[PDB]
Amino acid sequence: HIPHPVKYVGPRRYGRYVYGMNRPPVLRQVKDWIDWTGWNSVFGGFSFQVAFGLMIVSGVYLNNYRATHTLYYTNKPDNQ
Amino acid sequence: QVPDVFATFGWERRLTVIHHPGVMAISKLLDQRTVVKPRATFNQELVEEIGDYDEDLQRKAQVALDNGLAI
Ligand SMILES: CCCCCCCCCCCCCCCCCC(=O)OC[C@H](COP(=O)([O-])OCC(O)COP(=O)([O-])OC[C@@H](COC(=O)CCCCCCCCCCCCCCCCC)OC(=O)CCCCCCCCCCCCCCCCC)OC(=O)CCCCCCCCCCCCCCCCC
Ligand SMILES: CCCCCCCCCCCCCCCCCC(=O)OC[C@H](COP(=O)([O-])OCC[N+](C)(C)C)OC(=O)CCCCCCCCCCCCCCCCC
């Protein structure tokens with residue numbers, strides 16, 4: 001490996017929990033958590049499903065909608 | 001004049017080296033955990049962090065820090 005520094009630049013401590021006072025917004029806390037535990041796991045874990053989902057759902061336009069207007073021999077109506 | 005001594009470690013598998021008689025005496029003395037005691041010295045930065053885990057210890061640690069006590 002290559003020795004590198006800890007990349008976490010967020011707040012190292014929020015202070016003692018006192019009935020949830022003087023704490024960051026929820027979304028800020030979620031972001032700090034993922035920063036603290038690493039985004040590499042998030043990207044790695046979600047990558048497989050994102051890829052599969054994007055490909056399957058992309059067929060809604062690439063395979064279904066487009067195709068409806070793809071066949072060049074379909075727009076022509078008979079007896080017209 | 002300080003003579004050299006053999007210092008051995010391990011019970012069944014024993015490793016022998018040469019060592020200083022005074023350094024070995026200190027080593028065994030520090031093994032007397034009931035006699036020789038580790039003591040903590042605080043600073044204001046670390047005392048504040050203690051409160052995040054034990055509020056009572058923070059107050060007591062602050063007293064020790066204010067008096068410069070190794071406790
Ligand atoms: C205005 C806009 C208009 C529209 C424009 C549209 C443009 C296109 C949009 C689409 C996007 C294009 C993007 C192109 C560039 C992408 C560049 C990029 O970022 O890619 C990299 C990105 C991530 O790669 P990376 O950067 O290497 O990852 C970084 C990591 O963080 C690095 O960290 P790491 O490696 O340390 O990561 C963590 C790692 C750490 O791991 C390790 O430490 C290694 C461990 C290895 C051994 C593992 C042991 C075995 C596993 C044990 C655990 C098992 C648990 C699960 C058990 C399951 C039991 C059933 O852990 C893992 O990854 C593996 C373990 C986690 C669990 C694994 C679960 C199983 C996986 C295998 C199966 C996957 C398939 C599942 C299918 C479903 C289920 C059957 O990959 C992708 O995004 C995928 C490819 C994307 C390009 C192709 C897309 C094609 C389709 C596009 C269609 C789009 C729509 C088009 C519409 C058109 C209309 C006109
Ligand atoms: C709908 C069907 C499914 C239903 C079931 C779903 C099961 C999964 C639920 C997971 C919940 C995990 C809870 C963890 C415990 C949190 C405890 C707590 O209060 O923590 C406070 C703590 C307080 O912070 P702290 O005090 O720990 O701070 C640590 C110290 N510093 C500041 C240095 C970082 O903060 C958090 O909440 C941290 C945890 C955040 C975790 C967020 C995980 C999200 C999981 C859902 C993923 C959704 C993905 C959607 C698609 C995304 C696409 C890219």
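Lettering follows sequence order; numbering is per chain, from 1. Only this structure's heavy atoms are used, side chains among them; waters, hydrogens and symmetry mates stay out. Atoms within a ligand are numbered from 1 in the order they appear, just like the ligands themselves.
Of the charged side-chain nitrogens involved, none lies within less than 4.0 Å of a carboxylate oxygen, so that B/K60 and B/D56 do not count as a salt-bridged pair.
Per-atom contact check: atom 53 (C) of ligand 2 touches the protein, criterion being a heavy-atom distance below 4.0 Å. Of the protein's heavy atoms, at least one falls inside 4.0 Å of atom 49 (C) of ligand 2. Counting only heavy atoms, the protein gets under 4.0 Å from atom 99 (C) of ligand 1. For atom 59 (C) of ligand 1, the nearest protein heavy atom lies 4.0 Å or farther away. Not a single protein heavy atom sits closer than 4.0 Å to atom 21 (C) of ligand 1. For atom 68 (C) of ligand 1, a protein heavy-atom neighbour is present inside the 4.0 Å cut-off. For atom 37 (O) of ligand 2, no protein heavy-atom neighbour is found at a distance under 4.0 Å. Within the 4.0 angstrom cut-off, atom 7 (C) of ligand 2 has no protein heavy-atom neighbours. Counting protein heavy atoms under 4.0 angstrom from atom 35 (O) of ligand 1 gives zero. There is a protein heavy atom less than 4.0 angstrom from atom 91 (C) of ligand 1. Of the protein's heavy atoms, at least one falls inside 4.0 Å of atom 24 (O) of ligand 2. Within a 4.0 Å radius of atom 29 (C) of ligand 2, the protein has at least one heavy atom. Within 4.0 Å of atom 16 (C) of ligand 2, not a single protein heavy atom is present. Atom 43 (O) of ligand 1 is not flagged as protein-proximal [any protein heavy atom, distance under 4.0 Å]. Shown here, atom 33 (C) of ligand 2 is in close reach of the protein: a heavy atom of it lies under 4.0 Å off. Within a 4.0 Å radius of atom 25 (P) of ligand 1, the protein contributes no heavy atom.
For atom 40 (C) of ligand 2, the nearest protein heavy atom (residue, atom name, distance) is A/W33 CD1, 3.3 Å. Distance from atom 23 (C) of ligand 1 to its nearest protein heavy atom, with residue and atom name: A/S47 CB, 4.0 Å. Looking at atom 79 (C) of ligand 1, its nearest protein heavy atom turns out to be A/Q49 OE1, 4.9 Å. For atom 21 (C) of ligand 2, the closest non-hydrogen atom on the protein side is A/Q29 OE1, 4.5 Å. Nearest protein heavy-atom neighbour of atom 31 (O) of ligand 1: A/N40 O, 2.8 Å. The protein atom (non-hydrogen) at minimum distance from atom 51 (C) of ligand 2 is A/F46 CE2, 3.6 Å. Among all non-hydrogen protein atoms, the one lying nearest atom 39 (C) of ligand 1 is A/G44 CA, 4.8 Å. Looking from atom 85 (C) of ligand 1 to the surrounding protein, the closest heavy atom is A/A51 CB, 4.6 Å.
Residue A/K76 qualifies as enclosed at atom NZ: its count of foreign heavy atoms under 6.0 Å is above 12. The 12-atom threshold is exceeded at CE of A/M21, counting heavy atoms of other residues, nucleotides or ligands nearer than 6.0 Å. Within a 6.0 Å sphere centred on CZ of B/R39, other residues, nucleotides and ligands contribute 12 heavy atoms or fewer. Surrounding CD of B/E55 are at most 12 heavy atoms belonging to other residues, nucleotides or ligands under 6.0 Å away.
Heavy atoms of A/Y8 approach ligand 2 to within less than 4.0 angstrom.
Residue A/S58 has no nitrogen or oxygen atom sitting less than 3.5 Å from a nitrogen or oxygen atom of ligand 1, judged on distance alone.
Proximity to A/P11 (heavy-atom distance under 4.0 Å) selects the following atoms of ligand 2: 31 (N), 32 (C), 33 (C). Contact atoms of ligand 2 toward A/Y14: 24 (O), 26 (O), 28 (O), 32 (C) (distance under 4.0 Å to a heavy atom of the residue). Atoms of ligand 1 found under 4.0 Å from any heavy atom of A/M55, numbered from 1 in the order shown, are 91 (C). Interface of A/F43 with ligand 1, defined as ligand atoms under 4.0 Å from a residue heavy atom, comprises 31 (O). Using a 4.0 Å cut-off to heavy atoms of A/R12, the atoms of ligand 2 that qualify are 33 (C).
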- Message: Working note: B/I71 + B/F42, criterion side-chain contact (heavy atoms from CB on, under 4.5 Å); need CA distance, chi angles, decisive distance, verdict.
- Response: CA-CA 9 Å; B/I71 191 172; B/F42 303 103; 4.0 Å; yes
- Message: Does B/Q62 form a side-chain contact (heavy atoms from CB on, under 4.5 Å) with B/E48? I'd like the steps, not just the answer.
- Response: CA-CA 8 Å; B/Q62 187 63 51; B/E48 186 175 354; over 6 Å; no
- Query: Going through the checks in order, is the side-chain contact (heavy atoms from CB on, under 4.5 Å) test met by A/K31 and A/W39?
  - Reply: CA-CA 10 Å; A/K31 204 280 193 293; A/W39 270 98; 3.8 Å; yes
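The closest donor-acceptor contact from the side chain of B/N67 to the backbone of B/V63 lies under 3.5 Å. Put simply, the side chain of A/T74 never gets that close to the backbone of A/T70: no donor and acceptor are under 3.5 Å apart. Judged purely by atom type and a 3.5 angstrom limit, A/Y8 uses its side chain to pair as donor or acceptor with the backbone of A/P11. The closest donor-acceptor contact from the side chain of A/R66 to the backbone of A/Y61 lies at 3.5 Å or more, if one exists at all.
Annotation: side chain of B/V2 is in contact with side chain of B/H20 (closest heavy-atom distance under 4.5 Å). The shortest side-chain heavy-atom distance between B/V36 and B/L29 falls under the 4.5 Å cut-off. With a 4.5 Å cut-off on side-chain heavy atoms, B/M24 and B/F6 do not count as touching.
Counting heavy atoms closer than 4.0 Å to ligand 2, residue A/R13 contributes nothing at all. Of all the heavy atoms of A/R23, the ones lying under 4.0 Å from any atom of ligand 2 belong exclusively to the side chain.
By the 30° and 60° cut-offs, the orientation of the rings of A/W33 relative to A/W36 is tilted.
Among A/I56, A/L54, A/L62, the residue whose heavy atom sits closest to atom 94 (C) of ligand 1 is A/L54. Proximity annotation for atom 74 (C) of ligand 1: of A/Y61, A/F48, A/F52, A/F48 comes nearest, heavy atoms only.
Using a 3.5 Å distance cut-off with no hydrogens or angles, the side chains of A/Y14 and B/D52 do not pair a donor with an acceptor. In summary, the side chains of B/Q58 and B/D54 do not present any donor paired with an acceptor at a separation below 3.5 Å, with no hydrogens or angles considered.
Seen from the ring of B/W11, B/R13 does not count as a face-on cation partner, given the 6.0 Å and 45° thresholds.
For the atom pair CD of B/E49 and CZ of A/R13, the computed distance is 5.5 Å after rounding to the nearest 0.5 Å.
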